[PDB]
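Written below as structure tokens is the structure these notes are about.
Methodologically, a virtual Cβ is constructed for each residue, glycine included, from the backbone with ideal geometry; neighbour enumeration extends over all protein chains shown. Numbers and lists here come from the model and the stated rules, or from a named source; no laboratory read-out is quoted.
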Amino acid sequence: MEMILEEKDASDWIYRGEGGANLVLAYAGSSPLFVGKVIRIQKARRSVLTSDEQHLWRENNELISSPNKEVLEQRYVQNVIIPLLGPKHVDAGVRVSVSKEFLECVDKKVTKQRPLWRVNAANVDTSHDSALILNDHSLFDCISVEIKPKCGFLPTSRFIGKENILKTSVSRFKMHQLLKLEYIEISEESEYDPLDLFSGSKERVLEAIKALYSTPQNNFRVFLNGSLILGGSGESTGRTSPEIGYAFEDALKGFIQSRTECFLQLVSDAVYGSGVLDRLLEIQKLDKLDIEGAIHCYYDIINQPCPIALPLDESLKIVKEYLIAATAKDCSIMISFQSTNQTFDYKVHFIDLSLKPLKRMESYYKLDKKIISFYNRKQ
Amino acid sequence: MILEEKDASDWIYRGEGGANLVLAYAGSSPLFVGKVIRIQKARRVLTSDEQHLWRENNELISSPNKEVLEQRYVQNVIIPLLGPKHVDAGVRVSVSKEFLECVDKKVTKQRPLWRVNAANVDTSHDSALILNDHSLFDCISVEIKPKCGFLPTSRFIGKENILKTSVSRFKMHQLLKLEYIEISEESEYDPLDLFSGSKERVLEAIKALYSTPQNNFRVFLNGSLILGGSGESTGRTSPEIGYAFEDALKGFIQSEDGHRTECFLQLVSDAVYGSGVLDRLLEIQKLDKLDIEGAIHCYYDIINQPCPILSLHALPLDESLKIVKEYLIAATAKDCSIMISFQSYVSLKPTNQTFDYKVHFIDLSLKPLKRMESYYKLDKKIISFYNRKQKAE
Ligand SMILES: O=P(O)(O)O[C@H]1[C@@H](OP(=O)(O)O)[C@@H](OP(=O)(O)O)[C@@H](OP(=O)(O)O)[C@@H](OP(=O)(O)O)[C@@H]1OP(=O)(O)O
Ligand SMILES: O=P(O)(O)O[C@H]1[C@H](OP(=O)(O)O)[C@@H](OP(=O)(O)O)[C@H](OP(=O)(O)O)[C@@H](OP(=O)(O)O)[C@@H]1OP(=O)(O)O
Ligand SMILES: Nc1ncnc2c1ncn2[C@@H]1O[C@H](COP(=O)(O)OP(=O)(O)O)[C@@H](O)[C@H]1O
Ligand SMILES: Nc1ncnc2c1ncn2[C@@H]1O[C@H](COP(=O)(O)OP(=O)(O)O)[C@@H](O)[C@H]1O
Ligand SMILES: [Mg+2]
Ligand SMILES: [Mg+2]
Ligand SMILES: [Mg+2]
Ligand SMILES: [Mg+2]
Ligand SMILES: [Zn+2]
């Protein structure tokens, strides 16, 4: 809680991964303060909330009075998310102080491990004085699996227009796959279908797990003692080629007594067993009107005119619930495994339950507009 | 039929861009009254590379000359994308070498000296293009050259060029243009406003275009230029310019003197925003999906050269072809104009006056494939100069 990480300390931390908003390094020293920990550091695109955000989240006073963005994230998870999702599998993390120069040194350090396109978009935000400390979930040999399940339900909103009726039967994930191909963000369409994974059925869960393994993209990753053996490093990756499969099968040696097929069934049973996806789904379902509905409430709230009648409090609630749901739609799950009736213990943890910026309603709408219009054109 | 030498005296200078000359008809023949003629300049039918690129368009590549080439381009490529209602591929008309020479000499005097320095009419062409004169509906016609109205978000923009994601191409190009004495001041016009879709920001852009028309804003009265440059960009609207124009509106707008201009702009802003013609164009501009810094790689694959500049070079050829076609189509959309005509529909708020209005796209030229390279250079020079000035602290 007091400490300040300094420039010398930067050498204790190694590239682990990143999303669009955060860098993650695993601790590689021997100080029991950081063994089995990762550090998550915010990137700046290449304070603290707006007035609108302050009002939107007013229900939690501590939340809206957050001194910086790390505390913000911490209280968001603690004060908003954990009450809906439960504390069993969720951890808001511990804030630690960092020196500007520790950050710059860390930024300089990991550049070469990062995907080029992530580097073009962003680096660490060296203006921050805090970072967040979390338990490394790839350490229970430990086999660790990450799933980014995305949104597991179909909109049903009275506010989806005639033209966009397909939004009602095809999943957001599937339609999005078309556009990503179009923008060269992936090479193949994914096999994974979120509706299977969230379907509650054993057969369909195993089906989705096989899909994630065939085309991991940025939705599936496996770690052995914290080292990447399947999946991308900071990005989506290509289909699992026979060569990659081969390597994965070998890497499984010792952990599984036999092996890949076994692993998938093992992953599937943990998923379907923990029923951890059910609570998540209910939170994703907080998006009750779809963006095509909620966007209207957004413009009432920032008090501009619908460019596209409820009382204020109602509009606020809808938009609030929208962002909470956006958090649930984009978070990840990590499942820790530790050793025919072979038996494995497992842990499940949610990660990346980030607070989403209110400004994003506008781009949420645009992107959604783009997904469906392009999907319609293609059919 | 064929326009001959004697028929040249019957067409007068109307304007030009970098690629074409346009004369309006002033004679009596029922064929050409209310029409313009558009004549390709030669900068002193398709290349092999282009024939490869547009292979999927057999009609296009079998065009017997450039005029028919442009006709089929608009018709078979653009119109399916933009729609047919506001677009005209126009009609081919035979012309004699002598007719083209006589036209060349005649209009020289009315042309910007720098246009003359760069090119004259291509007298080698046996054919020209005829279109409806959109300045003819007392008609007030306004041309808008809106340029590119969105910011790129391409994975292929390197970190040192990241400003390209926040500042419009138009705004950044202004600094460069100033530096080359191609303009006298920064335009106040912002394409993002015009393509924003918000009624407020459209008017703001119309006002901006009135203040600094450069080559983006023209107004005609019965086909006569009353605002904007002739065959080129023009300087900021002074109070003396503003006066002559307010007066020039006397009549067309029935309103207390000194207020006709602002009523005019409100009217243009309501027609543009009313018709939503710009949303369709914007999607076509958006066919530039990877920015030039993306598409350029696909371009070297296509002309079968080693890329002087991994994911992009691994694409199936069909895909690389698609991307470059879309780039050039988008380039057409980024450089085209809209002409909105007015005849005393939109309604004035002060005086209850109503106007009929017609909208037309012009200048949907086919961009040459070889230009991918110069596009890349220009883009480079634009972002690196802009970065320079920003470093200046
Ligand atoms: O950069 P990506 O690997 O493509 O993932 C991003 C990213 O997700 P991350 O938390 O993993 O980084 C976005 O979140 P931000 O980092 O930009 O805040 C998220 O955006 P939203 O959660 O705001 O929607 C978006 O998701 P989506 O495309 O569904 O909008 C998108 O992820 P995908 O590749 O899964 O699409
Ligand atoms: O000569 P300018 O008056 O400065 O205008 C030219 C334009 O000409 P037109 O609008 O008159 O057709 C060019 O097109 P070409 O005539 O040379 O084919 C065009 O070039 P591209 O469309 O091929 O890009 C260029 O546009 P840009 O600068 O965006 O490349 C644009 O110059 P402006 O910047 O003044 O519009
Ligand atoms: N607590 C953790 N334990 C182990 N690995 C983690 C942890 N948190 C994140 N990671 C890894 O780092 C990656 C990036 O973290 P994430 O919080 O998703 O970044 P962003 O907020 O930018 O999306 C994750 O996809 C995950 O693989
Ligand atoms: N159909 C038309 N009716 C009236 N004026 C036109 C028409 N087409 C072009 N013009 C005027 O002539 C100018 C030159 O035409 P354009 O096709 O843009 O040439 P370029 O291809 O060289 O840019 C235009 O900017 C416009 O002012
Ligand atoms: Mg993430
Ligand atoms: Mg995130
Ligand atoms: Mg022009
Ligand atoms: Mg042109
Ligand atoms: Zn290349």
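Cβ-Cβ contacts under 7 Å between residues 6 or more apart (or on different chains), taken from a first residue in segment A:148-164 that is among the hydroxyl-bearing types (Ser, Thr, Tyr) to a second residue that is exposed (fewer than 15 other Cβ atoms within 10 Å of the Cβ), are listed as A:156/A:168.
Against the test of being of a type outside the set (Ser, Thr, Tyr), buried (at least 18 other Cβ atoms within 10 Å of the Cβ), in contact with a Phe, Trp or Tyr (Cβ under 9 Å, 6 or more places away or on another chain) and in the same structural domain as residue B:267 (by CATH), the options B:362, B:340 yield a single qualifying residue, B:340. If the condition is being under 21 Å from the mean Cα position of the chain (by Cα) and not in a loop (DSSP other than H, G, I, E, B), then segment B:118-133 contributes B:118, B:119, B:120, B:121, B:128, B:129, B:130, B:131, B:132. Within segment B:233-267, the set of residues being of a type in the set (A, V, I, L, M, F, W, C) and more than 20 Å from residue B:186 (Cα to Cα) comprises B:244, B:245, B:248, B:249, B:252, B:253, B:263, B:264, B:265, B:267. Filter segment B:302-324 for residues that are more than 18 Å from residue B:155 (Cα to Cα) and within 14 Å of another protein chain (Cβ to nearest Cβ); which is farthest from ligand 1 (Cβ to nearest atom)? Filtering first and then ranking leaves B:318. One residue stands out among those in segment A:232-251 that are of a type in the set (S, T, N, Q) and within 16 Å of ligand 5 (Cβ to nearest atom): the one that is farthest from the other protein chains (Cβ to nearest Cβ), which is A:233.
Against the numbered list (1) away from ligand 2 (no atom under 16 Å from the Cβ); (2) farther than 30 Å from residue A:188 by Cβ, residue B:281 comes up short only at (1). The single condition among (1) more than 16 Å from ligand 3 (Cβ to nearest atom); (2) assigned to a helix (DSSP H, G or I) that residue A:343 does not satisfy is (2). You will find that of B:366, B:378, B:328, the residue that is of a type outside the set (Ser, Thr, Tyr), part of a helix (DSSP H, G or I), more than 14 Å from chain A (Cβ to nearest Cβ) and within 16 Å of ligand 4 (Cβ to nearest atom) is B:328 and no other. In this structure, is residue B:301 more than 30 Å from residue B:206 (Cβ to Cβ), more than 16 Å from ligand 5 (Cβ to nearest atom) and among the acidic types (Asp, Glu)? Yes; evaluated as a whole, the condition is true for this residue.
Going by the conditions given, is residue B:209 away from chain A (no Cβ under 14 Å), away from ligand 8 (no atom under 16 Å from the Cβ) and touching a helix residue (DSSP H, G or I) at 6+ places or on another chain (Cβ under 6 Å)? For residue B:209, the condition - away from chain A (no Cβ under 14 Å), away from ligand 8 (no atom under 16 Å from the Cβ) and touching a helix residue (DSSP H, G or I) at 6+ places or on another chain (Cβ under 6 Å) - is not met. Looking only at segment A:43-65, decide whether some residue is away from ligand 2 (no atom under 16 Å from the Cβ), more than 14 Å from chain B (Cβ to nearest Cβ), under 22 Å from residue A:218 (Cβ atoms) and buried (at least 17 other Cβ atoms within 10 Å of the Cβ). Looking through segment A:43-65, none of the residues is away from ligand 2 (no atom under 16 Å from the Cβ), more than 14 Å from chain B (Cβ to nearest Cβ), under 22 Å from residue A:218 (Cβ atoms) and buried (at least 17 other Cβ atoms within 10 Å of the Cβ). For the criterion of being within 14 Å of another protein chain (Cβ to nearest Cβ), in a loop (DSSP other than H, G, I, E, B) and surrounded by fewer than 19 Cβ atoms within 10 Å (Cβ to Cβ), residue A:191 fails.
Number of residues in segment A:22-53 that are under 30 Å from residue A:313 (Cβ atoms) and either outside any helix (DSSP H, G or I) or over 24 Å from the mean Cα position of the chain (by Cα) (or both) equals 6.
Among B:68, B:77, which is more than 16 Å from ligand 6 (Cβ to nearest atom) and touching a helix residue (DSSP H, G or I) at 6+ places or on another chain (Cβ under 7 Å)? Checking each option against the conditions leaves just B:77. Exactly one residue out of A:310, A:355, A:323 is out of contact with any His (no Cβ under 8 Å at 6 or more places or on another chain), in a loop (DSSP other than H, G, I, E, B) and buried (at least 18 other Cβ atoms within 10 Å of the Cβ), and it is A:355.
Residues that are among the polar types (S, T, N, Q), within 20 Å of the chain's Cα centre (by Cα), away from ligand 7 (no atom under 16 Å from the Cβ) and farther than 28 Å from residue B:156 by Cβ occur in segment A:215-233; there is at least one. Taking the conditions (1) surrounded by 15 or more Cβ atoms within 10 Å (Cβ to Cβ); (2) under 27 Å from residue B:153 (Cα atoms); (3) hydroxyl-bearing (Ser, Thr, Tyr) in turn, residue B:237 satisfies each one other than (2). With respect to the conditions (1) out of contact with any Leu (no Cβ under 8 Å at 6 or more places or on another chain); (2) surrounded by fewer than 16 Cβ atoms within 10 Å (Cβ to Cβ); (3) part of a loop (DSSP other than H, G, I, E, B), residue B:185 lacks only one, and its number is (1). Based on what the data block shows, is residue A:313 within 24 Å of the chain's Cα centre (by Cα) and either among the basic types (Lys, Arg) or more than 16 Å from ligand 7 (Cβ to nearest atom) (or both)? No, not satisfied.
Of the residues making up segment B:134-155, none is assigned to a helix (DSSP H, G or I) and either in contact with a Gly (Cβ under 6 Å, 6 or more places away or on another chain) or within 14 Å of chain A (Cβ to nearest Cβ) (or both).
Of all the residues in segment A:149-182, those that are among the small types (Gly, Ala, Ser) and either closer than 15 Å to residue A:293 by Cβ or surrounded by fewer than 16 Cβ atoms within 10 Å (Cβ to Cβ) (or both) number 3. Against the numbered list (1) surrounded by fewer than 17 Cβ atoms within 10 Å (Cβ to Cβ); (2) of a type in the set (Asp, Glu); (3) under 25 Å from residue A:2 (Cβ atoms), residue A:73 comes up short only at (1).
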